[PDB]
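Student: One file is attached below, data.cif, containing mmCIF, N, CA and C atoms.
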data_run
#
loop_
_atom_site.label_atom_id
_atom_site.label_comp_id
_atom_site.auth_asym_id
_atom_site.auth_seq_id
_atom_site.Cartn_x
_atom_site.Cartn_y
_atom_site.Cartn_z
N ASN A 1 5.62 6.45 8.36
CA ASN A 1 6.14 7.12 7.20
C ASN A 1 6.39 6.06 6.14
N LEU A 2 6.78 6.43 4.91
CA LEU A 2 6.98 5.42 3.87
C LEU A 2 8.24 4.59 4.03
N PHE A 3 9.17 4.96 4.92
CA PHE A 3 10.31 4.12 5.21
C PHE A 3 9.79 2.91 5.95
N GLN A 4 8.75 3.11 6.78
CA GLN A 4 8.13 2.06 7.57
C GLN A 4 7.20 1.22 6.74
N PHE A 5 6.46 1.84 5.81
CA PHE A 5 5.64 1.10 4.86
C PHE A 5 6.56 0.20 4.03
N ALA A 6 7.73 0.71 3.59
CA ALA A 6 8.70 -0.10 2.85
C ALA A 6 9.25 -1.26 3.68
N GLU A 7 9.52 -1.04 4.97
CA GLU A 7 9.94 -2.07 5.92
C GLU A 7 8.92 -3.19 6.00
N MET A 8 7.64 -2.84 6.10
CA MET A 8 6.58 -3.83 6.10
C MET A 8 6.45 -4.60 4.80
N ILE A 9 6.71 -4.00 3.62
CA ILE A 9 6.58 -4.67 2.33
C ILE A 9 7.66 -5.70 2.09
N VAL A 10 8.91 -5.40 2.44
CA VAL A 10 9.98 -6.36 2.25
C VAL A 10 9.78 -7.53 3.19
N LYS A 11 9.40 -7.33 4.45
CA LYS A 11 9.21 -8.45 5.34
C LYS A 11 8.00 -9.30 4.95
N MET A 12 6.88 -8.73 4.49
CA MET A 12 5.70 -9.51 4.11
C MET A 12 5.76 -10.16 2.74
N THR A 13 6.37 -9.53 1.72
CA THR A 13 6.37 -10.09 0.37
C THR A 13 7.70 -10.59 -0.15
N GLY A 14 8.82 -10.15 0.42
CA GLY A 14 10.14 -10.54 -0.06
C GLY A 14 10.59 -9.71 -1.26
N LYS A 16 9.71 -8.79 -1.68
CA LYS A 16 9.95 -7.93 -2.81
C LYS A 16 10.48 -6.56 -2.40
N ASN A 17 11.26 -5.96 -3.31
CA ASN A 17 11.74 -4.59 -3.15
C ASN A 17 10.61 -3.66 -3.58
N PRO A 18 10.12 -2.73 -2.74
CA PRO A 18 9.07 -1.78 -3.08
C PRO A 18 9.31 -0.88 -4.27
N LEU A 19 10.55 -0.54 -4.63
CA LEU A 19 10.78 0.32 -5.79
C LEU A 19 10.60 -0.41 -7.12
N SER A 20 11.06 -1.66 -7.17
CA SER A 20 10.95 -2.50 -8.35
C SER A 20 9.55 -3.05 -8.58
N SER A 21 8.82 -3.28 -7.49
CA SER A 21 7.55 -3.97 -7.54
C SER A 21 6.30 -3.15 -7.27
N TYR A 22 6.32 -2.21 -6.33
CA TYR A 22 5.10 -1.49 -5.98
C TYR A 22 5.09 0.01 -6.22
N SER A 23 6.10 0.58 -6.89
CA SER A 23 6.11 2.00 -7.22
C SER A 23 5.45 2.30 -8.57
N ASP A 24 5.32 1.29 -9.45
CA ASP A 24 4.55 1.42 -10.68
C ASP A 24 4.03 0.05 -11.06
N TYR A 25 2.76 -0.06 -10.70
CA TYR A 25 1.96 -1.24 -10.93
C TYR A 25 0.51 -0.83 -11.03
N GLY A 26 -0.13 -1.19 -12.14
CA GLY A 26 -1.54 -0.89 -12.35
C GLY A 26 -1.79 0.60 -12.41
N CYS A 27 -3.01 0.95 -11.99
CA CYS A 27 -3.48 2.31 -11.97
C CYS A 27 -3.33 3.06 -10.64
N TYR A 28 -2.97 2.38 -9.55
CA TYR A 28 -2.86 3.02 -8.24
C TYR A 28 -1.61 2.77 -7.46
N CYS A 29 -0.83 1.72 -7.69
CA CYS A 29 0.40 1.57 -6.95
C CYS A 29 1.45 2.55 -7.47
N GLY A 30 1.84 3.48 -6.60
CA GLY A 30 2.82 4.50 -6.90
C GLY A 30 2.23 5.62 -7.73
N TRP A 31 2.73 5.78 -8.95
CA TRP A 31 2.35 6.90 -9.81
C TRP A 31 1.02 6.73 -10.55
N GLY A 32 -0.10 6.81 -9.85
CA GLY A 32 -1.38 6.64 -10.50
C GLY A 32 -2.41 7.58 -9.92
N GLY A 33 -3.59 7.07 -9.59
CA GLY A 33 -4.61 7.91 -8.99
C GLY A 33 -5.78 8.15 -9.92
N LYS A 34 -5.91 7.29 -10.92
CA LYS A 34 -6.97 7.39 -11.91
C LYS A 34 -7.25 6.00 -12.44
N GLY A 35 -8.50 5.77 -12.84
CA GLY A 35 -8.88 4.50 -13.42
C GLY A 35 -9.52 3.55 -12.42
N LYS A 36 -9.65 2.27 -12.80
CA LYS A 36 -10.21 1.22 -11.94
C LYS A 36 -9.13 0.21 -11.57
N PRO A 37 -9.06 -0.36 -10.36
CA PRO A 37 -8.08 -1.36 -9.95
C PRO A 37 -8.12 -2.58 -10.84
N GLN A 38 -6.97 -2.76 -11.49
CA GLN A 38 -6.78 -3.81 -12.48
C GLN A 38 -6.81 -5.23 -11.97
N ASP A 39 -6.32 -5.40 -10.75
CA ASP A 39 -6.37 -6.67 -10.07
C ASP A 39 -6.31 -6.47 -8.57
N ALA A 40 -6.10 -7.55 -7.83
CA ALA A 40 -6.11 -7.48 -6.39
C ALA A 40 -4.98 -6.68 -5.74
N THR A 41 -3.75 -6.78 -6.28
CA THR A 41 -2.60 -6.03 -5.78
C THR A 41 -2.88 -4.55 -5.97
N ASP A 42 -3.35 -4.17 -7.17
CA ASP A 42 -3.71 -2.79 -7.45
C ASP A 42 -4.82 -2.29 -6.52
N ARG A 43 -5.72 -3.21 -6.13
CA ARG A 43 -6.79 -2.92 -5.20
C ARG A 43 -6.22 -2.68 -3.80
N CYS A 44 -5.18 -3.41 -3.37
CA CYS A 44 -4.55 -3.17 -2.08
C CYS A 44 -4.02 -1.76 -2.03
N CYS A 45 -3.49 -1.28 -3.17
CA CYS A 45 -2.97 0.08 -3.26
C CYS A 45 -4.04 1.14 -3.18
N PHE A 46 -5.17 0.87 -3.84
CA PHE A 46 -6.32 1.76 -3.87
C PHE A 46 -6.93 1.92 -2.48
N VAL A 47 -7.22 0.81 -1.80
CA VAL A 47 -7.74 0.81 -0.43
C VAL A 47 -6.74 1.56 0.43
N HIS A 48 -5.42 1.39 0.18
CA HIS A 48 -4.41 2.10 0.93
C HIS A 48 -4.45 3.60 0.68
N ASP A 49 -4.75 4.05 -0.54
CA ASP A 49 -4.87 5.47 -0.81
C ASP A 49 -6.11 6.06 -0.15
N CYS A 50 -7.22 5.32 -0.14
CA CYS A 50 -8.45 5.74 0.52
C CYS A 50 -8.24 5.87 2.02
N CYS A 51 -7.52 4.91 2.58
CA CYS A 51 -7.18 4.86 3.99
C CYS A 51 -6.39 6.12 4.38
N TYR A 52 -5.41 6.52 3.56
CA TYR A 52 -4.62 7.71 3.83
C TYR A 52 -5.47 8.96 3.78
N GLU A 53 -6.46 9.08 2.87
CA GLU A 53 -7.29 10.28 2.79
C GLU A 53 -8.24 10.46 3.95
N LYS A 54 -8.59 9.33 4.57
CA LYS A 54 -9.42 9.31 5.76
C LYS A 54 -8.62 9.79 6.98
N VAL A 55 -7.28 9.72 6.96
CA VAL A 55 -6.43 10.20 8.05
C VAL A 55 -5.51 11.33 7.58
N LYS A 56 -6.12 12.23 6.81
CA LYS A 56 -5.48 13.42 6.25
C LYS A 56 -4.69 14.34 7.20
N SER A 59 -5.16 14.38 8.45
CA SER A 59 -4.64 15.22 9.53
C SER A 59 -3.45 14.71 10.36
N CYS A 61 -2.97 13.48 10.13
CA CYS A 61 -1.86 12.94 10.90
C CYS A 61 -0.55 13.02 10.14
N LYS A 67 -0.59 13.56 8.90
CA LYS A 67 0.53 13.64 7.97
C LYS A 67 1.08 12.23 7.74
N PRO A 68 0.37 11.34 7.04
CA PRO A 68 0.69 9.92 6.92
C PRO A 68 2.10 9.55 6.48
N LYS A 69 2.57 10.22 5.42
CA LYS A 69 3.91 10.01 4.90
C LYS A 69 5.00 10.55 5.82
N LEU A 70 4.75 11.60 6.60
CA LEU A 70 5.78 12.13 7.48
C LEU A 70 5.72 11.61 8.92
N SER A 71 4.61 10.97 9.27
CA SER A 71 4.36 10.45 10.61
C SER A 71 5.14 9.21 10.95
N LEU A 72 5.99 9.28 11.98
CA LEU A 72 6.74 8.14 12.49
C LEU A 72 5.92 7.43 13.56
N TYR A 73 5.47 6.20 13.29
CA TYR A 73 4.65 5.46 14.24
C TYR A 73 5.35 4.26 14.86
N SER A 74 4.65 3.50 15.68
CA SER A 74 5.22 2.40 16.41
C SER A 74 4.58 1.06 16.07
N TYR A 75 5.40 0.05 15.77
CA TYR A 75 4.93 -1.29 15.43
C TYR A 75 6.03 -2.33 15.64
N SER A 76 5.65 -3.60 15.56
CA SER A 76 6.59 -4.71 15.67
C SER A 76 6.11 -5.82 14.75
N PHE A 77 6.99 -6.74 14.40
CA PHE A 77 6.56 -7.88 13.62
C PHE A 77 6.31 -8.98 14.63
N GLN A 78 5.11 -9.57 14.60
CA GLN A 78 4.76 -10.66 15.50
C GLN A 78 4.04 -11.77 14.77
N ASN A 79 4.69 -12.93 14.86
CA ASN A 79 4.19 -14.20 14.33
C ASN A 79 3.77 -14.24 12.86
N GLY A 80 4.58 -13.63 11.99
CA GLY A 80 4.29 -13.55 10.56
C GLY A 80 3.17 -12.56 10.29
N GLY A 81 3.27 -11.43 10.96
CA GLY A 81 2.27 -10.38 10.88
C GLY A 81 2.83 -9.09 11.44
N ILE A 82 2.05 -8.03 11.36
CA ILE A 82 2.46 -6.73 11.87
C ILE A 82 1.53 -6.41 13.02
N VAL A 83 2.04 -5.78 14.09
CA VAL A 83 1.22 -5.32 15.18
C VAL A 83 1.51 -3.84 15.41
N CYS A 84 0.52 -2.98 15.18
CA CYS A 84 0.64 -1.56 15.44
C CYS A 84 0.50 -1.38 16.93
N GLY A 85 1.50 -0.78 17.58
CA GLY A 85 1.48 -0.67 19.03
C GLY A 85 1.26 0.72 19.60
N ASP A 87 0.58 1.64 18.89
CA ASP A 87 0.33 2.96 19.44
C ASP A 87 -0.96 3.19 20.21
N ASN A 88 -0.77 4.08 21.19
CA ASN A 88 -1.86 4.60 22.01
C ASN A 88 -2.47 5.77 21.24
N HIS A 89 -1.58 6.62 20.68
CA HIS A 89 -1.91 7.82 19.94
C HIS A 89 -2.63 7.42 18.67
N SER A 90 -3.88 7.85 18.69
CA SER A 90 -4.89 7.63 17.66
C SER A 90 -4.50 7.88 16.21
N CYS A 91 -3.88 9.02 15.93
CA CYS A 91 -3.44 9.40 14.59
C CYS A 91 -2.34 8.52 14.02
N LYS A 92 -1.39 8.13 14.87
CA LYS A 92 -0.29 7.27 14.46
C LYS A 92 -0.71 5.82 14.37
N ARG A 93 -1.63 5.34 15.23
CA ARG A 93 -2.14 3.98 15.15
C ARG A 93 -2.91 3.77 13.85
N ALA A 94 -3.62 4.80 13.39
CA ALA A 94 -4.40 4.76 12.16
C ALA A 94 -3.54 4.71 10.90
N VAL A 95 -2.44 5.47 10.86
CA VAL A 95 -1.52 5.46 9.73
C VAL A 95 -0.84 4.10 9.67
N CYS A 96 -0.49 3.58 10.85
CA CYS A 96 0.12 2.28 10.97
C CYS A 96 -0.81 1.20 10.44
N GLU A 97 -2.11 1.33 10.74
CA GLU A 97 -3.09 0.35 10.33
C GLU A 97 -3.35 0.34 8.85
N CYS A 98 -3.23 1.49 8.20
CA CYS A 98 -3.36 1.58 6.76
C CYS A 98 -2.25 0.79 6.08
N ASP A 99 -1.03 1.06 6.53
CA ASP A 99 0.14 0.38 6.01
C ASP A 99 0.16 -1.10 6.31
N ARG A 100 -0.29 -1.47 7.52
CA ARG A 100 -0.35 -2.85 7.96
C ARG A 100 -1.24 -3.67 7.04
N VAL A 101 -2.48 -3.23 6.81
CA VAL A 101 -3.36 -4.02 5.99
C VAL A 101 -2.94 -3.98 4.54
N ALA A 102 -2.35 -2.91 4.01
CA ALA A 102 -1.94 -2.89 2.61
C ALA A 102 -0.79 -3.83 2.31
N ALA A 103 0.14 -3.90 3.25
CA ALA A 103 1.28 -4.80 3.15
C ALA A 103 0.85 -6.25 3.28
N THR A 104 -0.08 -6.58 4.19
CA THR A 104 -0.57 -7.95 4.32
C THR A 104 -1.48 -8.28 3.15
N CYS A 105 -2.14 -7.26 2.61
CA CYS A 105 -2.97 -7.41 1.43
C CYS A 105 -2.08 -7.79 0.26
N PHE A 106 -0.86 -7.24 0.16
CA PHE A 106 0.07 -7.58 -0.90
C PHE A 106 0.55 -9.01 -0.78
N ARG A 107 0.81 -9.50 0.44
CA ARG A 107 1.23 -10.87 0.69
C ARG A 107 0.12 -11.85 0.31
N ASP A 108 -1.14 -11.49 0.58
CA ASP A 108 -2.28 -12.36 0.29
C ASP A 108 -2.52 -12.58 -1.17
N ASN A 109 -2.01 -11.65 -1.98
CA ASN A 109 -2.27 -11.65 -3.39
C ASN A 109 -1.05 -11.84 -4.27
N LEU A 110 0.05 -12.39 -3.73
CA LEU A 110 1.24 -12.65 -4.53
C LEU A 110 1.08 -13.70 -5.64
N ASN A 111 0.03 -14.52 -5.56
CA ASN A 111 -0.30 -15.51 -6.57
C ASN A 111 -0.82 -14.88 -7.86
N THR A 112 -1.51 -13.74 -7.75
CA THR A 112 -2.06 -13.04 -8.90
C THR A 112 -1.14 -11.94 -9.42
N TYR A 113 -0.05 -11.68 -8.70
CA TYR A 113 0.92 -10.67 -9.09
C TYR A 113 1.50 -10.98 -10.45
N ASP A 114 1.19 -10.05 -11.35
CA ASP A 114 1.53 -10.17 -12.74
C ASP A 114 2.31 -8.95 -13.20
N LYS A 115 3.51 -9.22 -13.72
CA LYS A 115 4.41 -8.21 -14.28
C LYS A 115 3.84 -7.45 -15.48
N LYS A 116 2.72 -7.94 -16.04
CA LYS A 116 1.94 -7.27 -17.07
C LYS A 116 1.66 -5.82 -16.66
N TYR A 117 1.40 -5.63 -15.37
CA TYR A 117 1.04 -4.35 -14.82
C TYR A 117 2.16 -3.42 -14.41
N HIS A 118 3.42 -3.82 -14.59
CA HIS A 118 4.55 -2.90 -14.37
C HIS A 118 4.59 -1.90 -15.51
N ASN A 119 4.83 -0.62 -15.16
CA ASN A 119 4.93 0.50 -16.11
C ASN A 119 3.72 0.47 -17.03
N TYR A 120 2.57 0.30 -16.38
CA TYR A 120 1.29 0.14 -17.05
C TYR A 120 0.98 1.39 -17.87
N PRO A 121 0.57 1.28 -19.13
CA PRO A 121 0.18 2.40 -19.97
C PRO A 121 -0.92 3.28 -19.38
N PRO A 122 -0.76 4.60 -19.21
CA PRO A 122 -1.81 5.52 -18.76
C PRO A 122 -3.15 5.50 -19.47
N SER A 124 -3.13 5.14 -20.76
CA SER A 124 -4.35 5.00 -21.58
C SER A 124 -5.29 3.89 -21.09
N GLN A 125 -4.72 2.99 -20.28
CA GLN A 125 -5.47 1.87 -19.73
C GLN A 125 -6.22 2.20 -18.44
N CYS A 126 -5.84 3.33 -17.81
CA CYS A 126 -6.53 3.78 -16.60
C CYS A 126 -7.58 4.79 -17.00
N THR A 127 -8.73 4.14 -17.09
CA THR A 127 -9.92 4.72 -17.61
C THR A 127 -11.03 4.57 -16.58
N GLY A 128 -11.70 5.71 -16.42
CA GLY A 128 -12.82 5.78 -15.51
C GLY A 128 -12.43 6.25 -14.12
N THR A 129 -13.42 6.09 -13.25
CA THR A 129 -13.29 6.48 -11.86
C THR A 129 -13.69 5.31 -10.97
N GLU A 130 -13.01 5.27 -9.83
CA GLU A 130 -13.37 4.35 -8.79
C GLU A 130 -13.55 5.23 -7.56
N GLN A 131 -14.65 4.96 -6.84
CA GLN A 131 -14.97 5.75 -5.66
C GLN A 131 -14.60 4.99 -4.41
N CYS A 133 -13.92 5.73 -3.50
CA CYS A 133 -13.45 5.15 -2.25
C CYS A 133 -14.60 4.66 -1.37
#
Could you render the structure from this file as structure tokens?

Tutor:
Amino acid sequence: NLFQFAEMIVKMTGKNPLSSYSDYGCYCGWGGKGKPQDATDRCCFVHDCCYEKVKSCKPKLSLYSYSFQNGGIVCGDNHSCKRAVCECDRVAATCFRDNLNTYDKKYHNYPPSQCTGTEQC
């Protein structure tokens, strides 16, 4: 669920998800239109595509199983639907950590007029 996605974001980036990843670019949080502005925005986009591929597990409401191991996340489910939701969140959160060097506050509360075009999953 997103309480768990938020748990993974604070441990991997040191950032608060509401201040940093709820409105950034064209896809983090309130978006869903345009092209990924940078790498962080791309982590969000891949994460939205990942969720649509697992439409049937109720991604946001699904409580899954994981642990933090050695500066990383390990999804520990047997159950296919929950392991997949966990994996979407796992790679998006580590994707955010990988790209903290390019993280630019320019993209906070990004103007809607700037999200132009379509990007295909």

Student: Write down as a list in words the residues of segment 38-96 of chain A whose backbone DSSP state falls under strand (DSSP E).

Tutor: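 Strand (DSSP E) assignments inside segment 38-96 of chain A correspond to residues 75, 76, 77, 82, 83 and 84 of chain A.
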
Student: So what do you get for atom CA of residue 83 of chain A versus atom CA of residue 105 of chain A, distance-wise?

Tutor: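 Straight-line distance from atom CA of residue 83 of chain A to atom CA of residue 105 of chain A works out to 14.5 Å.
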
Student: Skipping near chain neighbours, those fewer than 4 positions away, what residues fall within 5 Å of segment 50-75 of chain A using only N, CA and C atoms, listed as number ranges by chain?

Tutor: A: 1-2, 46, 83-85, 87

Student: DSSP on the backbone, helix (DSSP H, G or I) only: what residues of chain A does that give? Format it as an mmCIF file with N, CA and C atoms, in the coordinates of the input.

Tutor:
data_model
loop_
_atom_site.group_PDB
_atom_site.id
_atom_site.type_symbol
_atom_site.label_atom_id
_atom_site.label_comp_id
_atom_site.auth_asym_id
_atom_site.auth_seq_id
_atom_site.Cartn_x
_atom_site.Cartn_y
_atom_site.Cartn_z
ATOM 1 N N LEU A 2 6.780 6.430 4.910
ATOM 2 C CA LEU A 2 6.980 5.420 3.870
ATOM 3 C C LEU A 2 8.240 4.590 4.030
ATOM 4 N N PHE A 3 9.170 4.960 4.920
ATOM 5 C CA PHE A 3 10.310 4.120 5.210
ATOM 6 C C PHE A 3 9.790 2.910 5.950
ATOM 7 N N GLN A 4 8.750 3.110 6.780
ATOM 8 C CA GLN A 4 8.130 2.060 7.570
ATOM 9 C C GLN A 4 7.200 1.220 6.740
ATOM 10 N N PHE A 5 6.460 1.840 5.810
ATOM 11 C CA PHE A 5 5.640 1.100 4.860
ATOM 12 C C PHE A 5 6.560 0.200 4.030
ATOM 13 N N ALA A 6 7.730 0.710 3.590
ATOM 14 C CA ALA A 6 8.700 -0.100 2.850
ATOM 15 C C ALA A 6 9.250 -1.260 3.680
ATOM 16 N N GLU A 7 9.520 -1.040 4.970
ATOM 17 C CA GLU A 7 9.940 -2.070 5.920
ATOM 18 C C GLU A 7 8.920 -3.190 6.000
ATOM 19 N N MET A 8 7.640 -2.840 6.100
ATOM 20 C CA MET A 8 6.580 -3.830 6.100
ATOM 21 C C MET A 8 6.450 -4.600 4.800
ATOM 22 N N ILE A 9 6.710 -4.000 3.620
ATOM 23 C CA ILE A 9 6.580 -4.670 2.330
ATOM 24 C C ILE A 9 7.660 -5.700 2.090
ATOM 25 N N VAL A 10 8.910 -5.400 2.440
ATOM 26 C CA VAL A 10 9.980 -6.360 2.250
ATOM 27 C C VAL A 10 9.780 -7.530 3.190
ATOM 28 N N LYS A 11 9.400 -7.330 4.450
ATOM 29 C CA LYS A 11 9.210 -8.450 5.340
ATOM 30 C C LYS A 11 8.000 -9.300 4.950
ATOM 31 N N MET A 12 6.880 -8.730 4.490
ATOM 32 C CA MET A 12 5.700 -9.510 4.110
ATOM 33 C C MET A 12 5.760 -10.160 2.740
ATOM 34 N N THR A 13 6.370 -9.530 1.720
ATOM 35 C CA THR A 13 6.370 -10.090 0.370
ATOM 36 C C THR A 13 7.700 -10.590 -0.150
ATOM 37 N N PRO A 18 10.120 -2.730 -2.740
ATOM 38 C CA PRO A 18 9.070 -1.780 -3.080
ATOM 39 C C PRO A 18 9.310 -0.880 -4.270
ATOM 40 N N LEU A 19 10.550 -0.540 -4.630
ATOM 41 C CA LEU A 19 10.780 0.320 -5.790
ATOM 42 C C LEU A 19 10.600 -0.410 -7.120
ATOM 43 N N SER A 20 11.060 -1.660 -7.170
ATOM 44 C CA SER A 20 10.950 -2.500 -8.350
ATOM 45 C C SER A 20 9.550 -3.050 -8.580
ATOM 46 N N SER A 21 8.820 -3.280 -7.490
ATOM 47 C CA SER A 21 7.550 -3.970 -7.540
ATOM 48 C C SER A 21 6.300 -3.150 -7.270
ATOM 49 N N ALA A 40 -6.100 -7.550 -7.830
ATOM 50 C CA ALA A 40 -6.110 -7.480 -6.390
ATOM 51 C C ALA A 40 -4.980 -6.680 -5.740
ATOM 52 N N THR A 41 -3.750 -6.780 -6.280
ATOM 53 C CA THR A 41 -2.600 -6.030 -5.780
ATOM 54 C C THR A 41 -2.880 -4.550 -5.970
ATOM 55 N N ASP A 42 -3.350 -4.170 -7.170
ATOM 56 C CA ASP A 42 -3.710 -2.790 -7.450
ATOM 57 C C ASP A 42 -4.820 -2.290 -6.520
ATOM 58 N N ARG A 43 -5.720 -3.210 -6.130
ATOM 59 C CA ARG A 43 -6.790 -2.920 -5.200
ATOM 60 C C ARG A 43 -6.220 -2.680 -3.800
ATOM 61 N N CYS A 44 -5.180 -3.410 -3.370
ATOM 62 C CA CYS A 44 -4.550 -3.170 -2.080
ATOM 63 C C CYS A 44 -4.020 -1.760 -2.030
ATOM 64 N N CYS A 45 -3.490 -1.280 -3.170
ATOM 65 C CA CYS A 45 -2.970 0.080 -3.260
ATOM 66 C C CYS A 45 -4.040 1.140 -3.180
ATOM 67 N N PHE A 46 -5.170 0.870 -3.840
ATOM 68 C CA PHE A 46 -6.320 1.760 -3.870
ATOM 69 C C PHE A 46 -6.930 1.920 -2.480
ATOM 70 N N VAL A 47 -7.220 0.810 -1.800
ATOM 71 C CA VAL A 47 -7.740 0.810 -0.430
ATOM 72 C C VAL A 47 -6.740 1.560 0.430
ATOM 73 N N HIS A 48 -5.420 1.390 0.180
ATOM 74 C CA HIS A 48 -4.410 2.100 0.930
ATOM 75 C C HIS A 48 -4.450 3.600 0.680
ATOM 76 N N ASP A 49 -4.750 4.050 -0.540
ATOM 77 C CA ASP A 49 -4.870 5.470 -0.810
ATOM 78 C C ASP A 49 -6.110 6.060 -0.150
ATOM 79 N N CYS A 50 -7.220 5.320 -0.140
ATOM 80 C CA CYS A 50 -8.450 5.740 0.520
ATOM 81 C C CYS A 50 -8.240 5.870 2.020
ATOM 82 N N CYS A 51 -7.520 4.910 2.580
ATOM 83 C CA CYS A 51 -7.180 4.860 3.990
ATOM 84 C C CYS A 51 -6.390 6.120 4.380
ATOM 85 N N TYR A 52 -5.410 6.520 3.560
ATOM 86 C CA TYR A 52 -4.620 7.710 3.830
ATOM 87 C C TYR A 52 -5.470 8.960 3.780
ATOM 88 N N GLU A 53 -6.460 9.080 2.870
ATOM 89 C CA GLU A 53 -7.290 10.280 2.790
ATOM 90 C C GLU A 53 -8.240 10.460 3.950
ATOM 91 N N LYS A 54 -8.590 9.330 4.570
ATOM 92 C CA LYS A 54 -9.420 9.310 5.760
ATOM 93 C C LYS A 54 -8.620 9.790 6.980
ATOM 94 N N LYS A 56 -6.120 12.230 6.810
ATOM 95 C CA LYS A 56 -5.480 13.420 6.250
ATOM 96 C C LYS A 56 -4.690 14.340 7.200
ATOM 97 N N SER A 59 -5.160 14.380 8.450
ATOM 98 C CA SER A 59 -4.640 15.220 9.530
ATOM 99 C C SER A 59 -3.450 14.710 10.360
ATOM 100 N N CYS A 61 -2.970 13.480 10.130
ATOM 101 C CA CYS A 61 -1.860 12.940 10.900
ATOM 102 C C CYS A 61 -0.550 13.020 10.140
ATOM 103 N N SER A 90 -3.880 7.850 18.690
ATOM 104 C CA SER A 90 -4.890 7.630 17.660
ATOM 105 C C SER A 90 -4.500 7.880 16.210
ATOM 106 N N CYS A 91 -3.880 9.020 15.930
ATOM 107 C CA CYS A 91 -3.440 9.400 14.590
ATOM 108 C C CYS A 91 -2.340 8.520 14.020
ATOM 109 N N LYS A 92 -1.390 8.130 14.870
ATOM 110 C CA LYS A 92 -0.290 7.270 14.460
ATOM 111 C C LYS A 92 -0.710 5.820 14.370
ATOM 112 N N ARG A 93 -1.630 5.340 15.230
ATOM 113 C CA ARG A 93 -2.140 3.980 15.150
ATOM 114 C C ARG A 93 -2.910 3.770 13.850
ATOM 115 N N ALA A 94 -3.620 4.800 13.390
ATOM 116 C CA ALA A 94 -4.400 4.760 12.160
ATOM 117 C C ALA A 94 -3.540 4.710 10.900
ATOM 118 N N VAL A 95 -2.440 5.470 10.860
ATOM 119 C CA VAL A 95 -1.520 5.460 9.730
ATOM 120 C C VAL A 95 -0.840 4.100 9.670
ATOM 121 N N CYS A 96 -0.490 3.580 10.850
ATOM 122 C CA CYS A 96 0.120 2.280 10.970
ATOM 123 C C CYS A 96 -0.810 1.200 10.440
ATOM 124 N N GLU A 97 -2.110 1.330 10.740
ATOM 125 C CA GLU A 97 -3.090 0.350 10.330
ATOM 126 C C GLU A 97 -3.350 0.340 8.850
ATOM 127 N N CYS A 98 -3.230 1.490 8.200
ATOM 128 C CA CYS A 98 -3.360 1.580 6.760
ATOM 129 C C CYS A 98 -2.250 0.790 6.080
ATOM 130 N N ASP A 99 -1.030 1.060 6.530
ATOM 131 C CA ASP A 99 0.140 0.380 6.010
ATOM 132 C C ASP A 99 0.160 -1.100 6.310
ATOM 133 N N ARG A 100 -0.290 -1.470 7.520
ATOM 134 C CA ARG A 100 -0.350 -2.850 7.960
ATOM 135 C C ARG A 100 -1.240 -3.670 7.040
ATOM 136 N N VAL A 101 -2.480 -3.230 6.810
ATOM 137 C CA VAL A 101 -3.360 -4.020 5.990
ATOM 138 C C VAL A 101 -2.940 -3.980 4.540
ATOM 139 N N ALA A 102 -2.350 -2.910 4.010
ATOM 140 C CA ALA A 102 -1.940 -2.890 2.610
ATOM 141 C C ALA A 102 -0.790 -3.830 2.310
ATOM 142 N N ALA A 103 0.140 -3.900 3.250
ATOM 143 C CA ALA A 103 1.280 -4.800 3.150
ATOM 144 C C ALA A 103 0.850 -6.250 3.280
ATOM 145 N N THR A 104 -0.080 -6.580 4.190
ATOM 146 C CA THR A 104 -0.570 -7.950 4.320
ATOM 147 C C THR A 104 -1.480 -8.280 3.150
ATOM 148 N N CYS A 105 -2.140 -7.260 2.610
ATOM 149 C CA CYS A 105 -2.970 -7.410 1.430
ATOM 150 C C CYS A 105 -2.080 -7.790 0.260
ATOM 151 N N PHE A 106 -0.860 -7.240 0.160
ATOM 152 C CA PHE A 106 0.070 -7.580 -0.900
ATOM 153 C C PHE A 106 0.550 -9.010 -0.780
ATOM 154 N N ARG A 107 0.810 -9.500 0.440
ATOM 155 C CA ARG A 107 1.230 -10.870 0.690
ATOM 156 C C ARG A 107 0.120 -11.850 0.310
ATOM 157 N N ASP A 108 -1.140 -11.490 0.580
ATOM 158 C CA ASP A 108 -2.280 -12.360 0.290
ATOM 159 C C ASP A 108 -2.520 -12.580 -1.170
ATOM 160 N N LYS A 115 3.510 -9.220 -13.720
ATOM 161 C CA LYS A 115 4.410 -8.210 -14.280
ATOM 162 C C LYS A 115 3.840 -7.450 -15.480
ATOM 163 N N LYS A 116 2.720 -7.940 -16.040
ATOM 164 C CA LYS A 116 1.940 -7.270 -17.070
ATOM 165 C C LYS A 116 1.660 -5.820 -16.660
ATOM 166 N N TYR A 117 1.400 -5.630 -15.370
ATOM 167 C CA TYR A 117 1.040 -4.350 -14.820
ATOM 168 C C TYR A 117 2.160 -3.420 -14.410
ATOM 169 N N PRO A 122 -0.760 4.600 -19.210
ATOM 170 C CA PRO A 122 -1.810 5.520 -18.760
ATOM 171 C C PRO A 122 -3.150 5.500 -19.470
ATOM 172 N N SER A 124 -3.130 5.140 -20.760
ATOM 173 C CA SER A 124 -4.350 5.000 -21.580
ATOM 174 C C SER A 124 -5.290 3.890 -21.090
ATOM 175 N N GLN A 125 -4.720 2.990 -20.280
ATOM 176 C CA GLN A 125 -5.470 1.870 -19.730
ATOM 177 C C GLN A 125 -6.220 2.200 -18.440
#

Student: Which segment 18-108 of chain A residues have any atom within 8 Å of an atom of segment 8-11 of chain A, and for each, what is the nearest pair of atoms with distance in Å to one decimal, counting only N, CA and C atoms, rows sorted by chain and number, as a tab-separated table?

Tutor:
residue	atom	partner	partner_atom	distance
A:18	N	A:10	N	6.0
A:80	C	A:11	C	7.9
A:81	N	A:11	C	7.9
A:82	CA	A:8	CA	7.7
A:99	C	A:8	CA	7.0
A:100	CA	A:8	CA	7.2
A:102	C	A:9	CA	7.4
A:103	CA	A:9	CA	5.4
A:104	N	A:8	C	6.9
A:106	CA	A:9	CA	7.8
A:107	N	A:9	CA	7.8
